[PDB]
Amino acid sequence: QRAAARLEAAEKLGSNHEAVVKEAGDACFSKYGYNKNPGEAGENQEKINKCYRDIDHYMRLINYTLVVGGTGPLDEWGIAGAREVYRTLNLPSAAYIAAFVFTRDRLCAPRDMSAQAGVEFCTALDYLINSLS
């Protein structure tokens, strides 16, 4: 009666995330090509190599969100305490939000998923964009 909407999306993301996560990655370091700089967020392939894990992680908990229904998994396992431990590491908040809008911008209904499926695929990416600010 409702599930199908969220369901389809999660599966869609499920079978194709490494291509959407990586996609976001490159774009993330496009708006902030200064992170590459020496002594910066992804200066070296080990701090830029793992930063990609953080993208699969946020999208990881989204498959789980649109399956249990709400933003339950995403929450505790990535909504608060993750953000001001970045403050501890000096991992900018605007950098994390750079992957999201791109992810949310790229969608398409006839080509990538569906009409109703998408507006909720963008509901948990925006639910995260808002949480990071």
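One-based numbering along the sequence shown.
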property	result
Stretch with the higher entry mean CA B-factor, where the candidates are 8-16 and 115-123	115-123
Stretch exceeding the other in mean C-alpha B-factor - 55-63, 92-100	92-100
Record-listed C-alpha B factor of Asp26: chain third	lowest
Modelled-residue ranking by C-alpha temperature factor, third containing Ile48	highest
Chain third (lowest, middle, highest) by recorded CA B-factor, residue given as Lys36	highest
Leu107 by Cα B-factor - lowest, middle or highest third of the modelled chain	middle
Third assignment of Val68 from its chain's C-alpha B-factors	middle
